[PDB]
Amino acid sequence: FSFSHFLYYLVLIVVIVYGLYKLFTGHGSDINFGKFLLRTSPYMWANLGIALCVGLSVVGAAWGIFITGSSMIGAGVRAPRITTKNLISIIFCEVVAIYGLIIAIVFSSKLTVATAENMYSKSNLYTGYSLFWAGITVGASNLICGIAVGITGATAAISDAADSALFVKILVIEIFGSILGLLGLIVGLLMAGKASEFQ
Amino acid sequence: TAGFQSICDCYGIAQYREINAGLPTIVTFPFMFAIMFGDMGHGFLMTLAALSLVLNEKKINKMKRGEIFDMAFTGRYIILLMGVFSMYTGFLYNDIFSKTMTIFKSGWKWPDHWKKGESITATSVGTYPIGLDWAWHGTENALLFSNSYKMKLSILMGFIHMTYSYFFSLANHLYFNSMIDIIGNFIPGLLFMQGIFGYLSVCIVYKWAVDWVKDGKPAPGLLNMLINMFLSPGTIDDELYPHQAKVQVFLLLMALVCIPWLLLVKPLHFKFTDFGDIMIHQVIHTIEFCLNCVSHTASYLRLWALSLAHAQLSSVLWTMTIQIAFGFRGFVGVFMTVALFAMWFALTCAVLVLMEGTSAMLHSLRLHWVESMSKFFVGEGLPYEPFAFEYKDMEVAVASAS
Amino acid sequence: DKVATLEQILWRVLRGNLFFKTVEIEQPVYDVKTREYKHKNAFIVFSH
Amino acid sequence: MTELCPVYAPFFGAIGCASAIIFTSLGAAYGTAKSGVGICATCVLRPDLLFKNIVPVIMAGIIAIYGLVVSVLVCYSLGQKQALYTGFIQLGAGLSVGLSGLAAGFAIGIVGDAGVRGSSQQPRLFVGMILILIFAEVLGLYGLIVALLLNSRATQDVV
Amino acid sequence: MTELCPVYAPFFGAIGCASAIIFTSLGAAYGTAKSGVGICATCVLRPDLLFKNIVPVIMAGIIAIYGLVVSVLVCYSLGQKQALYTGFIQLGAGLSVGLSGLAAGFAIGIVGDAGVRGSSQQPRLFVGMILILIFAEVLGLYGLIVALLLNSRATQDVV
Amino acid sequence: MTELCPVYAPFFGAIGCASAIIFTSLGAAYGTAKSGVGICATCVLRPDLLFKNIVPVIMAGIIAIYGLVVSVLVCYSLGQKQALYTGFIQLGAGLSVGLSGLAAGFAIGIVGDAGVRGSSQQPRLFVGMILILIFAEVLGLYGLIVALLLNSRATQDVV
Amino acid sequence: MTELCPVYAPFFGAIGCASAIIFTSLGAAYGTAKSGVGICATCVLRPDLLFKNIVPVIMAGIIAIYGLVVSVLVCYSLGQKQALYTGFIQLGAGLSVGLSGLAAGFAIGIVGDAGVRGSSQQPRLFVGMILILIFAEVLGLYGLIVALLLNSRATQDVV
Amino acid sequence: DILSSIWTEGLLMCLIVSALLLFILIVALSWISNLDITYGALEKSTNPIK
Amino acid sequence: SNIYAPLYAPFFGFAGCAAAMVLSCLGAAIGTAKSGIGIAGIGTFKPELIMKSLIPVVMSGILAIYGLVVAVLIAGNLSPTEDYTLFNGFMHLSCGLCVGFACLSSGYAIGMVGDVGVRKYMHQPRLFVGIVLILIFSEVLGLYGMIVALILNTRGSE
Amino acid sequence: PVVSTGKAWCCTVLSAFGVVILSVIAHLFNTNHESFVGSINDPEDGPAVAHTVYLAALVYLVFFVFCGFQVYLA
Amino acid sequence: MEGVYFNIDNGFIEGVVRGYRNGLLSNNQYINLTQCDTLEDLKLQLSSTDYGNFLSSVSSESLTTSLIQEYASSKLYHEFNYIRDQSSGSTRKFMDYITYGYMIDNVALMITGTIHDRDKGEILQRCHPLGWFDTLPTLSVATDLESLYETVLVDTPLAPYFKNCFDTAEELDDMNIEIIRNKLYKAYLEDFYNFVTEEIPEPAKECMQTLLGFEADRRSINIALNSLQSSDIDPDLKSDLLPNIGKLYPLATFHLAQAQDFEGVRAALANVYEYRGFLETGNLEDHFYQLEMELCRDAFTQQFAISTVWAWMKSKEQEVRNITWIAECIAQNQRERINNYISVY
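Residues numbered from 1 in each chain as written, not as in the entry; some residues may be left out. Chains lettered and ligands numbered in written order. Part of a larger assembly, values for the part shown. Heavy atoms only, no water.

Structure determination for this entry is recorded as cryo-EM, at 3.2 Å resolution.

### Notes on the overall build of chain C
Looking only at helices and strands, chain C has one helix and two strands in total. Considered along the principal axes of its C-alpha atoms, chain C spans approximately 35 × 15 × 15 Å. In chain C, which comprises 48 residues, the proportion classed as buried is 8%. Residue pairs at least 24 apart in sequence account for 24% of intrachain contacts in chain C once pairs closer than 6 positions are excluded. Carbon together with sulfur atoms contributes 57% to the accessible area of chain C, which is approximately 4400 Å² in total. Chain C carries 8 positive and 6 negative side-chain charges, and their two centres are separated by 10 Å. (Helix = DSSP H or I, 4+ residues; strand = E, 2+ residues; numbered from the N terminus. Buried < 20%, exposed > 50% of the residue type's maximum accessible area, 1.4 Å probe, protein only. Contact = heavy atoms within 4.5 Å. Areas by Shrake-Rupley, 256 points an atom, 1.4 Å probe, with all protein chains shown as cover. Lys, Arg positive; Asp, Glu negative; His and termini not counted. Charge placed at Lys NZ, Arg CZ, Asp CG, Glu CD.)

### Some words on the interface of chain K and chain I
Taken together, the contact pairs ten residues of chain K with eight residues of chain I. Counting the surface lost from both chain K and chain I, the interface buries some 860 Å², and carbon and sulfur atoms represent 60% of this. In this assembly, chain K and chain I are joined by one salt bridge. With a shortest N-O distance of 2.6 Å, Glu2(K) and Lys34(I) are connected by a salt bridge. Our enumeration of links across chain K and chain I arrives at one residue pair in polar contact. (Buried area = accessible area lost by both parts, 1.4 Å probe. Salt bridge = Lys/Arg side-chain N within 4 Å of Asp/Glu carboxyl O. Polar contact = N/O pair within 3.5 Å; in protein donor to acceptor, adjacent residues only side chain to side chain.)

### Focus: the packing of aromatic side chains
Taken as a whole, this structure holds 81 aromatic pairs over all chains when the rule is applied. Ring centres of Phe4(B) and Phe29(B) lie 6.4 Å apart, and the angle between their planes is 80 degrees; on these two criteria the pair is classed as edge-to-face. On the criterion of sequence distance, the pair formed by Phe4(B) in helix 1 (residues 2-9) and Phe29(B) in helix 2 (residues 22-36) is long-range, its members being 25 residues apart. Residue classification places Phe4(B) among the buried positions, given a relative accessible area of 5%. Above the plane of the ring of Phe126(D) lies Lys52(D), whose end atom (NZ or CZ) is 4.9 Å from the centre. When the ring centre of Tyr289(K) is taken as origin, the NZ or CZ atom of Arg321(K), which lies over that ring, is 4.8 Å away. (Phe/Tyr/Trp six-rings, centres within 6.5 Å; stacked < 30°, edge-to-face > 60°. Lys NZ or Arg CZ within 6 Å of the ring centre and 35° of its normal.)

### What to know about the UniProt feature "transmembrane region" in chain H
The UniProt record annotates "transmembrane region" at residues 12-32 of chain H. Helix makes up 100% of residues 12-32 of chain H and strand 0%, and the two end C-alpha atoms of the span are 30 Å apart. (UniProt positions renumbered as here; feature names shortened; annotations may be inferred.)

### Section: the environment of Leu49(I)
All names here are of chain I. Along the chain, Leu 49 turns up in the loop between helix 1 (10-41) and helix 2 (55-59). Here the alpha-carbon distance between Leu 49 and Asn 153, two residues 104 residues apart in the chain, equals 42 Å. Setting aside residues no more than four positions away along its own chain, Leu 49 makes contact with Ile 42, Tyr 121 and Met 122.

### Things to note about helix 3 (residues 84-119) of chain G
Across its 36 residues, helix 3 of chain G extends 51 Å between first and last C-alpha, which sits within 8% of the 52 Å expected from 1.5 Å per residue. Within helix 3 of chain G, 31 of the 36 residues are buried, leaving the element largely enclosed by the surrounding structure. (Expected span 1.5 Å × (residues − 1).)

### Description of the interface of chain D and chain E
Opposite the 41 residues of chain D that make contact, chain E presents 41 residues. Between chain D and chain E lies a buried interface of about 3600 Å² when both sides are counted; carbon and sulfur atoms form 81% of it. Looking at the side of chain D facing chain E, the largest losses of area belong to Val7(D), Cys40(D) and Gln80(D), adding up to 17% of the total buried there. Where chain D meets chain E, there are five residue pairs in polar contact. Elements supplying a minimum of two residues to the side of chain D that touches chain E: helix 1 (10-42) and helix 2 (55-75) of chain D. Considered class by class, the residues forming the side of chain D that touches chain E number 33 nonpolar, six polar and two charged. (Nonpolar A, V, L, I, M, F, W, Y, C, P; charged D, E, K, R; others polar.)

### Structural notes on the pattern of salt bridges
Inspection of every chain in the model, using the stated rule, returns 39 salt bridges over all chains. Among the ionic pairs, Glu48(I) bridges to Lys46(I), the shortest N-O distance being 2.9 Å. Among the residues examined, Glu48(I) registers a relative accessible area of 52% and is labelled exposed. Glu79(K) is paired through a salt bridge with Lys75(K); the nearest N and O atoms lie 2.8 Å apart. You can see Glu79(K) and its partner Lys75(K) sitting in helix 4 (residues 65-85), four residues apart, about one turn around the helix. A single salt-bridge network, built from bridges that share partners, covers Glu94(A), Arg302(B), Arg366(B) and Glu371(B).

### Digging into the packing of helix 2 (residues 27-34) of chain K against helix 14 (residues 307-331) of chain K
All names here are of chain K. In contact at an axis separation of 10 Å, helix 2 and helix 14 are set at 25 degrees when each is read in the N-to-C sense. As judged from the angle between their axes, helix 2 and helix 14 are roughly parallel. With respect to the hand of their crossing, helix 2 and helix 14 are arranged in right-handed fashion. Across the interface between the two elements, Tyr 30, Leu 33 and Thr 34 from helix 2 touch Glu 319, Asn 322, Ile 323, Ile 326 and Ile 330 from helix 14. Partitioning the contact of helix 2 with helix 14 into residue classes produces five nonpolar, two polar and one charged. (Axes fitted to C-alpha atoms, helices over the stretch in contact; angles between N-to-C directions. Parallel < 35°, antiparallel > 145°, perpendicular 65-115°, else oblique. Left-handed = near helix turned anticlockwise from the far one by under 90°.)

### Considering unusual backbone geometry
All names here are of chain B. Located in the positive-phi region is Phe 97, a residue other than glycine, with phi close to 55 degrees. Residues other than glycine seldom take positive phi values, yet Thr 139 does so here, at roughly 55 degrees. Within the element layout of this structure, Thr 139 appears in the loop between helix 5 (76-92) and helix 6 (142-165). A relative accessible area of 27% places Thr 139 in the partly exposed class.

Following this line, the structure appears as C-alpha cells:
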C-alpha cells in the first residue's frame, strides 16, 4: 500500500546511502553542486523561467475562473441577475494571465545569441539565474493569487445571489486579494532589472 | 440603434438622463471587433452572411425560430457593420485569405543579384501609402515587425478609447449640477492617468517620428523606460528628448500627489457642510480607480492577441490543405484540388469565421462592459416597460403554470 | 424491470425447486394509470 | 560537433514538439469528457437542446488545434546540426502552449458541465456560460501567443 | 562509433516504437472496457439496440490502429548505425501518438458509457453521442499527424 | 587534517547532541498531550481527582529530563579536532536515548489516557495504572543507561 | 580557503539561523490556532471568561520568543572565514531549539483547546490546565538550554 | 574540471527536463482518473406514491 | 580569480528573493481567503457586522508587505558587476527562508482564528476584543521573521 | 431520393464560391505574380498548374449547374 | 484548504442548494400566513413565495389541509431527487445514506400494518415516497421476521443492520417491531457516523458529526422516556437501543439505561450542559425541534461543505410542518395556538 510514500522513502534511502558512501570513499566533494551551476547552459535557466512563468500564471487563472464560474452558474438558476454583476470576479482572475504575458514579453527581449568565447561569463550566468528565479517568482505568485481570488469570487457570487446589497461589501475582499499578483509582478520586474542581454 | 441598445442594456439599465452608452457602441463595438478579425475575405463572407438576413426583413419577422436564429436576426446590422469594418481593417493589415495584394509600388528594394540560397536584405527606397507593405510576406522576420507594430496599435487605440469614455463623466457632472464631483473625481483621475499612460502614447508616436540611424543616436526602449520611470527614478540609459531627466520626476510626483488629493476632497467637503460611509466608499473608489489604470490598459493587449492568432491559424490552414495540391500533375490532381478546396472552404467557414467571430465579438463586448463603462456608467435605474396589450402564446402559459 | 426480482425472490422462497420461465412481449404495453410505455413479458411458475 | 551546437541539441526540440500536442490533447480530452457527461445527463429530458449545448466540446477542440499548430511549426525547424539555443526555445514554446492548454481545458470542462446542467432549467444562463467559456478560451490563446513569439526567435542570428 | 552516431542511439528508437503501441493499447482498452460495461448494462432491457450501440468500441479500436501504423513506420527505420537525431525523432513521434491516443481513449470510454446509458431512454441522443465521440476521435488523429510529420524528417540529410 | 581525525568529524556529534533532546521532546509532548486530554475529559465530573491524576504528565516530563542530561554530557565533549570514533559514539548515544524516549513517551501517553478514564469510575485501578506506567518508564531509563555507557568510552585512549 | 575553514562553511550556520525561527514559528502558530479555535467556541456562552482563557496563546508566543533569541545569537556569529566546526555547532543549535519548540507548540495547542473547553463548565480545571501547560512549556525551555550550551562553544579555541 | 565522466552536464539537463515533464504528466493523469458520470440522471425510477 | 566570489553565487540570492516573495504571498492569501469565507458566511443574517469584521483581512495583508520589503531589500544588493561573495548568497537565502516560513505560519493562524471568531461573532457582540487580541498575537510571528531577516541582511554585506 | 432539398443549397453555394475563387487563383498562376511562384518551393512551372486549377473551376461549374436546377424544382 | 478541490464536482450542487435555501420563509411571511381568514387566502398568500403556482391547477373548492401538505411535501421531494440525480462519487453515497433512514421507517410501518391485517394499498400510500426500495410491498407477506429476512431484506441496503435483531424468534406484535426498529436505527446511525468520519472532508465532517450527535441524543432521550411504560425491561436489554454516538454516551446513556421513574431521567440529564433545560417546562418535542433548527442554521455558515444538503432538508421539512400547523389552525377555527410555529430565519 501507499506507493507514493514508498517511492519517497526509497529515494530518501538511496540518496542517504549514496552521499554516505561518497563520504566513505573520502571523495565527498565529488558531489559538487556548484560546478553543476557553472557548466550548465544559461539559456536553459532563462527559457525554463519564461515558460514556467506563463504556464503557472495561466494555471492560476484557470483555477480561479472555474471556482467562481461553477458557483456563479449554480447560484444563477434562481437569481439570473448575478451574471453581469459578478463578471468582475472573472475579470480579476483573468488579469493574472495578462501579468504573465507582460513578464514573458519583457523577458523575451533578452534572449540574444552569445559567442562560444565568453559564453560562461559573469553577466551571462547572472542573466540566466535572474530570469529563472524572476519567472518562477511571478508565476507562483500569480498561481496563488488566482486561487485566492477565485475562492472569494465564488463566495461573493453566493452572497450576492442572497440579496443585492452584499456584493459591494465582499468585492472589497477581492480588491485586497488581487494586489498580491501585482506585488509578484513588481518584484519580478525588479529582480531582472539589472540583468543584461546575452552577449 | 435597437440591437446595440439591447447589447448595452444586458449589462445594466442606465440612470435617468444619464448619457446613453448605446450611442458610441454602434461604431466602437464592430471596430474593436474588426481589429481582432483583420481579414479581407472573412469580413467579405461575414458581409454576405449579413446581407442574406438584411435583404429580407419582412419575411423573417413573422416566424417562430428558437434562441439561435433569434440572436442571428436581432443583430443583423451588428454583423453588417462588423463585416464592413473588418474589410477596412483587413485591407490595412494587407491580408486576404492569408495572402498579400500588390496594389501599389513597394517601399523596399531587393538587391541586384544573388545566388539561389543567399540571405539578403532590402534597402528602404520609400514608404508605402495605405497598409502594410507587401515586401513583408515571407521574409522570415515578419513577426518581428508585426508584433511590435500591432502591440503599439492596440495600446494606442485602447488609450484613446479610455480617454474618450472618461469625458462622458465630465459631461454627466456638468449636467446634474454636481460641481463637487468635478473637482473631487474628474481632475484627480484625469491628471493621474494622463500623466502616466498618455505620456507613454506620446513617447510611442515620438519614437515613430524620429529617424535614429540618420541622427546616429541609439533608439531607446519604451518598455524599459516605463519600468524605470517608477522602479528607478531619475536614471536614463538612452535619451529620447533633451530635458527628460526632470519630466519623469515631475510626472511621478504629480501622479503621487493625485493620490492624497483624491480620497480627501469629496469626503471633507461633505464634512464641512467624516460620516464614515462616504469616507470608506471614497477609499474604495480610490483603491479601485487606481490599479484599474494598469489593469485596464494591460487588458487592451487582446486586440493584438486575437489578430496575431487569427492571422497565424489562417496561414497554417492555407499551407496545410490547399497548398498540397499545387504540384500534382495528372488526372489525379484535378480531383485532388477539388477535394482539398472543399476541405479548405469547409474549415475556413466553420472554425475560422463562425468560431473565431463569436469569440472576438464577445471580446469587443468585454472591452465595453468592463474597461469602457467603468468610467462614466453610473448604474442602477428602473426600466421603462409600460402597461400594454400583447398576444399571449398559450403553450408558454401552460408551461409557465406547470 | 421486475423479472429478475421475481426470480431472485422465488429462488429464495422455493429453496431451489423453481421452474421459472419467461417469454417477451415485443411491443410496449401502454399504461393508463401511469403514462409509462412499459415493456412487459409473461411468466409461469410450477409448484405443488 | 561544436561547443555551440552539440550533438544532444535536437532532444529538447523533439521533447517540445511532442509535449505541445500531448498536453493540449490531455486538456481537450478532459474538457470533452466532462462536458459530454453533462450533455448526456441533461438531454434525456430536453432533446431539443442537444445541438445548442455542443459549444463546450467545440471550445475544447480548439485547444487541440492550438497544440497542433505549435507542433507543426516546431517540427519544421528541427535539424541535426542546430544549436542548444534553438532546442531550448523549442522546449520552452512547447511547454508554454501545452500547460496553458491543459489549464484551459480543465476550466472549460468544469464550467461547461455546470453551465449545461444549469441551463437545462434556466434559459437565460446560456449566454453567461458562453461568456465564462470565452474567458476560459483566452488562456490557451495566451499560451499560443507566447509560443509563437518564442518560435519567431529560434533561428534569428544563430551561429 | 562516431560522435554524431553513438552506440546507444537505437535505444530511443526502440523505446518509441514500443511506447506507441503500448499507450494506444491502454487507451483502446479503457475505451472498450468502459463502453462494454455500458452496453452490457443497457442491453438487458433493449436487446434490439445492441448492434446500434457498438460504435464507441469501434472508435476505441481505431486508436489502436493508429498506434500500429506509427509503430510499423518507426520500426522500418531502425538501424545499428543511426544518429541520435533519428532516435530522438522516433522517441518524440512515439510519445506523441501514444499519449494522444491515451487521452482520446479515456474520453471515448467515458462519453460512450454515458451516451449509451442515456440513449437507452432517449432516441434523439444517439446522434449527439456520435458528435461528441467524433470530437474525441480527432485528438488521436492529431497525435497521428504530429507523429507522421516527425517521422518524415527522421532521415532527411542526416550524416 | 588527519586520517584518523578528519574535518567532517564534529557533524555526527552535533547531530547526536541535537537528536537526543529532539526525540525525547517529541515523546514527552505526545505523552503530555494524550494524558492531558484524558485528564480534561475526566475531571469535569470529579474535580477532586484532578491533582491525583497528574502522574502521567510528570512521568512524561522525566523523559525530557533524560534527553537534557544526555545532550549536556555530549555537548561538553565536542571539539574541532576530534576523531570519527568520538563522533560515531556521540551519534549512537544520541539516537539510543532519543528513540528509546520516543517509544516510552508513546506508551506513557496511551496508558495514561486509558488509566485516567478508567480510574474515574474504579478507584482500585489507580495503582495498576502506576505499575504499568513504571514499566513504560524503565524503557527510557534503559536508553539513558546505554547512552551513558557509550559516552563513557568516547574519549578513552583515542589518538 | 583552508582545509579547516572551507568556503561552504557559512551554509550550515545560515540554515541553522533560519531553521530556529522557522520551526518555532510553526509550533507557535499551531498552538495559537488550536487554542484560539477553542477560545472562540467557548466564549460565546461565557464572554466573562474571555481574558482568563488567553493563557495558552501567551504560552505559545513564548516559544517564538525562544526561537528569536537563538536566531539573533547565532546570527551575530556568522562570518565569511569561519570553520566547519562553527557551522556544525550553529546547525545543531538551530535544529535543537526549532524541533523542541515545534513539539512544545503541538502539546500546548492540544492541551489548551481541551482545557478551555473543559474549564467552561468546571471552574476547578483551570489550575490543572495551567499545570499541564507549564509541563508543556519546559520542553521548549530545554531546547533553548541545549542551544545556548552549544552556542557557547562555537568559537572557543577554534583555529 | 569536468563534473563527471558518466553524469555529464548534457545528461543531467536532459534528465531534469524529463523529470519535470513526467511530473506534470503524472499530475494531469491523476486529474483525469478522478472523473465520474452521475448515473442518477441516466436512469429512470417509477415510485408509485408519486 | 576570486575564490570567495565564484560565479554561481547569485543563484542563492535570487532563491532568497523568490522564497521571501512566494511564501509570504501564500500566507497572505491563505489568511485572506479563509477569513473572507467566514466574513461572507455571516453576511446573510447580520450584514451590519461586515465592515467591522474586515480586521483579519487587513491584518493578513501586512504579511505580503513584510515579504515585499524583504524581497526588495535583497534584490537591491544584486548586480552583474559587484563582488558578491558566497557568504552574501547564503545570507540572502536565509533571509528569504525566515520571512517566507514565518509569514506562512502566521497567515495560517490568522485564517483559522479569523474564520471561527467572525462566524461565532453573530451571537456574542462582546467577543470582539478577544478576536482582536488573538489576531495581534498571531500577527507578530511574521514580524519576528522580518526582524531576523533585517539583521541577516545587514550582517551579510560585510 | 427522399427529400433532397436541404442539401441542394449546401452544394450550390459551395460551387458558387469555388468557381470564382479557383478562377482568380488560376489567373494568378498564369501571370507569374512572384508571390504564388516567387520562391524555390511548391510550384516551378507556372501555367502548368494554372491548367489544372482552371480544370477544377470547370468541374465546379458543372457541379453548380447540376445542383442549381435541382433546387429549382422546389 | 476546503475551497480548493470542492467545486470540481460540487460547486453547481452547492450553488443550487443555496438558491433553494434563500426561499426559506422568514418571520414576516409566517405572520402574513397567520393573518389569513379562509383557506383560499392562504393559497393566495403562499403564491407570492418560492412555492408559488404549486396549487395552481387543483381547484377552488377541493382545497384541504391534507392536499396542501401532500403538494408541499412533493415539491420538497422532487427538489431532493433533482439534487441527488446531479451528483456522483461521495455525494451520491451521502444522499443514499440520507434516504436509508426513511427506508427504515417504511419497513417498520409496513410490518406494523401487516400485523393488523390492513390493505396493501392503504399502507402503500402514507409511506414516505423518498425511501422506496422496489421490493417494499413484498413485506406484506409471511408475518414471521425471519421469513421476511431470508427472502427480501438481504438484497436491500438495510441488510447489515439486523445483526442484533435475531434474538426473539416468534410472531411479531407492536412492541417487538419497535424494539427491532430501534436496533435498526442504532446500527444505522453508527454506520453513517463512521462513514462521515472517514470520507467527508473536514468542515463538513465536524458539522455532520454534531448533527448526528443531536439525532442520537434526541432518540436516546425519547427511548428513555418511552421505555418506562407498562413493562419490565432489563438495562442490558435497553442499552442495546441507545446509539454509541453523541455527547451523552461515554457515561450519560448509562444512567438512562439504569432509570425507573421520570425523576431518574431528570437526574440522568442533569449533568449534560446543553440538556436539563427541557423536562421542567412544557412541550418537550418543541425543544428538540428548536435546537435542531438552531444547529441547522449554524450549518449554513460553512460554504464549502455538503452539510448544506442535510441542513436544508431538515429546514424545509420543518417549514412544511409549520405550514401544515397554520393550515390546520385556519381550517378548524382554532386561532388560540396558531403562533406555535418554529421559525429561526
